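Trainee: Sharing a structure with you now.
Because the Cβ atoms are built from the backbone with ideal geometry, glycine has one as well, and the counts that use them run over all protein chains shown. Coordinate-derived values only; no laboratory data.
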Amino acid sequence: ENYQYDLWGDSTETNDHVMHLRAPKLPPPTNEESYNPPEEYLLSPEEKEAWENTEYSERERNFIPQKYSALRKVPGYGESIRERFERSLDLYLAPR
Amino acid sequence: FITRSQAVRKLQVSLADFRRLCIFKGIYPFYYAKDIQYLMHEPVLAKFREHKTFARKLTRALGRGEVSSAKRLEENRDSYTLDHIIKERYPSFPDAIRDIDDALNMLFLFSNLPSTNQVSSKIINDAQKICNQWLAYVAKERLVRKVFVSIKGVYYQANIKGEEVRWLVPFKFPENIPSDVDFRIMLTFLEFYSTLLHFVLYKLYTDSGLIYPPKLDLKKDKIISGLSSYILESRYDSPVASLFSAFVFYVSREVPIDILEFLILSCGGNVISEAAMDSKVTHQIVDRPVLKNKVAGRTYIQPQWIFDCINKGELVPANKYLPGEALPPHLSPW
Amino acid sequence: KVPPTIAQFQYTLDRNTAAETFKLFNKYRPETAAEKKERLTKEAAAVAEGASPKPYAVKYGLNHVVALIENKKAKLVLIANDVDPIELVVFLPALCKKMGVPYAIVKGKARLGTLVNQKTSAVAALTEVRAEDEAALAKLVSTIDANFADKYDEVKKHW
Amino acid sequence: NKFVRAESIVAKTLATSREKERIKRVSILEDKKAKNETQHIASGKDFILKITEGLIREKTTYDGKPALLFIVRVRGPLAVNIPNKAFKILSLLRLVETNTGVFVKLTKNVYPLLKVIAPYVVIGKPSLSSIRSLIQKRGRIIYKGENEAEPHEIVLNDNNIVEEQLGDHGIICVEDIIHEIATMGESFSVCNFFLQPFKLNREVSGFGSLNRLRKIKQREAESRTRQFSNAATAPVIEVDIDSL
């Protein structure tokens, strides 16, 4: 039996009592970039390379918006470990 | 305030171990003086020192040539626990569920990872076990509100004690691990979120639901190793939780199952797969341009219908979801 | 400038022979204090509820050894060159020569300690041996007498 | 470019003497078993050992039924250089690399070749989850890169790649590949050479403090959970692949 006990119980106390606890800000809810988007979101061929020309981290989207007819035709998103790793670094290295 | 260098020096601890404690304690930057000054007296720091002593005293045994004493040093080894570290971080249970947003995103990523020389198989198997426990509970007490399938993965929203958690699950394909990413930072985040999830899941199960931890059927884990396996024993409020009741869905081979059977079982439907073979069925979910059988008894759907029925809650008509035609533009729930 | 009976050391055993010595010697480890204790607790568990042969392990005290050479119990003797007082061993290669007991100066005083659960040892010797390794020992001995005793016949002379 | 010690160079020959003579011995008895000239040999049939987990050794005869095996590369034994008869079979199964898996069907032709490579491979009948999790976790596809480069082996990320390479055989997606691998069908020889081999990570995977001791523990667990029979009537050791 490891980690098999309640530790909170009847716990009413909040940790945001000292004004120095900066709550880690839940990441922005995803706005219109689905596997099947309205294809006006699908990027113009000039901006496909212009987006790739811009330096990373000073960039609006971490991805190219793409259209897919079938759900089977959805690729495994390669730059997924990079996103969680960068968020992890943003928690303990970026000043709040 | 104090500089990083001044914090490291004051603690007399390595930078790595300073950052490990910083990850566990939830400390962020200039650091706050009283924050580091409060970190100094802590059991976890003392246990890190004990690991360093153990490290040399093991290589003493190994380096000499004696194996039995080294094997005995493993037996007489205790490890640091992250138990008391959460009480001081998330004192109330609703505060821990406000963090579980970011906690479930690491853990569901680390389930969908090939084990490397960086990350052991035991790490991924334990992470996947917690993932399956989470999926089992959310499908048990029926707590889903929104779904969103994107390029990145599949997003879910869940009223876990009425505070709407959000979390992302990638698609079940092999993931190309870059050599760029640092699998030592991510392992400590996993180590903190893992224990946090163990305590959350005990609290959830022992409050409103079931025994913890539940068992798993061996010949069920041999078939799927997903969510139809891992049986759980015990001893509604939302329209989404009342949907798909008295509906039996036959999920075909073509669709991903583990991303879809969670949703069916969550709302109130039933799952029979093509995969399990390797009746009451009223709908079939198929992603082919040419469908072969075409019976009068079943209704034929491309999964987009499910991904819209959860979002609206009003059971959208399946006339725009037939196999062989182009799907509607699929809007976000945000 | 070194008097001949000192730096009868430093002319130690060679690489290939040395490893093969330990190939034999690491077979004859004394039980560790942990191991000895558990063995006896295994006995106590058993003998409290319901035969053994004499155990070969190498011999390791300077005393014990100087006893053993001169009594003929010793077959092979290993003598580490670097010792805090050199005098603590300088007689030892001659004593052995005189009792005809095969000896080799090994390099690394700590290296002896390895084979014997101790920090250092100065001297260890294999007195009695298992049936299978009996031949292995007597050959090693010969190997040592060739590459060490016969190779350095002039170790008793030259400054 | 290093110097080679004498002890090693004699050890290699002394071990390959045992392996050349062993392989020739198994070759003779398997040749004499097929030609129905069973007049004076050791045994004219085939046993399979199934070791499970306190280690129970089963002794069951091989049926004529076609079975599904997942062969895993081991690295064994120690001083051995592989002979011509090993180079051939391990080239055909494309298992030159250590820590590397492949799927094959086991018939009355496959089983004699299995006895030759048994000291180099660890075999067993996998389950549906072992297959399905293995393909969705690991998978290579050798095909053309951007415009010029050919030898790119990337990843089973997509299903449209599956369409372009297979397609007309009836295979559309990665799960359909799993179907024709788990269940022995028409397209199995099509997709088996499509996922060429798997890249399994090695056990423990380090040389250091904890990792050396863990490798020691597993290395002594090897000779207990696997034996080298060396005889011409070697029972084929089958192990749990769900556990492995």
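Trainee: What is the log10 of I(q)/I(0) for chain D, computed with the Debye formula using one identical point scatterer on each Cα and no solvent, at q = 0.07, 0.08, 0.09, 0.14 Å⁻¹?
Mentor: Taken in order of the listed q values, log10 I(q)/I(0) reads -0.29, -0.38, -0.48, -1.09.
Trainee: Report ³J(HN,Hα) in whole Hz for each residue of the range C:14-22, in order, from the Karplus equation J = 6.51 cos²θ - 1.76 cosθ + 1.60 where θ = phi - 60°; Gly and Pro get x.
Mentor: Residue by residue, the range C:14-22 yields 6, 3, 5, 5, 3, 4, 5, 4, 6 Hz.
Trainee: Something else about it: Looking at the range A:21-94, I'd like the Rg to Rh ratio, where Rg is from alpha-carbon atoms and Rh is Kirkwood's inverse mean 1/r.
Mentor: For the range A:21-94, the value is 1.01.
Trainee: Give the cross-link partners of C:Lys23 among the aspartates and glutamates, using a straight C-alpha distance below 15 Å as the criterion and excluding same-chain residues fewer than 8 apart.
Mentor: Straight-distance partners of C:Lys23: B:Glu66, C:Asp14, C:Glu132, C:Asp133, C:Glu134, D:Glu7.
Trainee: Next up: Go ahead and collect, in residue order, the members of the range B:62-105 whose backbone nitrogen is under 11 Å from a label point 7 Å along the Cα-Cβ direction of C:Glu38.
Mentor: Hits in the range B:62-105 for C:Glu38 at 11 Å: B:67-76.
Trainee: Let me ask something else about it. Among the listed pairs B:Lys71/C:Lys109; D:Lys12/D:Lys199; D:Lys85/D:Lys105; A:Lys25/B:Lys52; A:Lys73/D:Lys144; D:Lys50/D:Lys217, which are separated by more than 30 Å between their Cα atoms?
Mentor: Correct reply: A:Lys25/B:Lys52.
Trainee: Setting aside same-chain residues fewer than 8 positions from A:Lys67, which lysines have a Cα under 17 Å from its Cα?
Mentor: Reachable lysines: A:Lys48, B:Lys152.
Trainee: State, as an integer percentage, the relative contact order of the range A:21-94 based on alpha-carbon contacts under 8 Å between residues 6 or more apart.
Mentor: RCO, the range A:21-94: 37 percent.
Trainee: Round to the nearest 10 and give me the degree value, 0 to 90, for the angle of helix A:81-92's Cα axis relative to the longest principal axis of chain A.
Mentor: It is inclined by approximately 40 degrees.
Trainee: Could you list the trypsin sites (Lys or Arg not before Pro) in the range D:189-243 that lie in coil according to DSSP, counting only those with at most 16 other Cβ atoms within 10 Å of their Cβ?
Mentor: D:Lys199, D:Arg202, D:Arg226
Trainee: Per the Kirkwood formula on distinct C-alpha pairs, the Rh of chain C is how many angstrom?
Mentor: Answer for chain C: a Kirkwood hydrodynamic radius of 16.8 Å.
Trainee: Something else now. Regarding the range D:63-203, what are the three Cα extents along the principal axes, ordered largest first, in Å?
Mentor: Per principal axis, max minus min of the Cα coordinates gives 44, 38, 27 Å.
Trainee: When Rg is the radius of gyration of the Cα atoms in the range B:237-334 and Rh is its Kirkwood radius, what does Rg/Rh come to?
Mentor: That ratio is 0.94, to two decimals.
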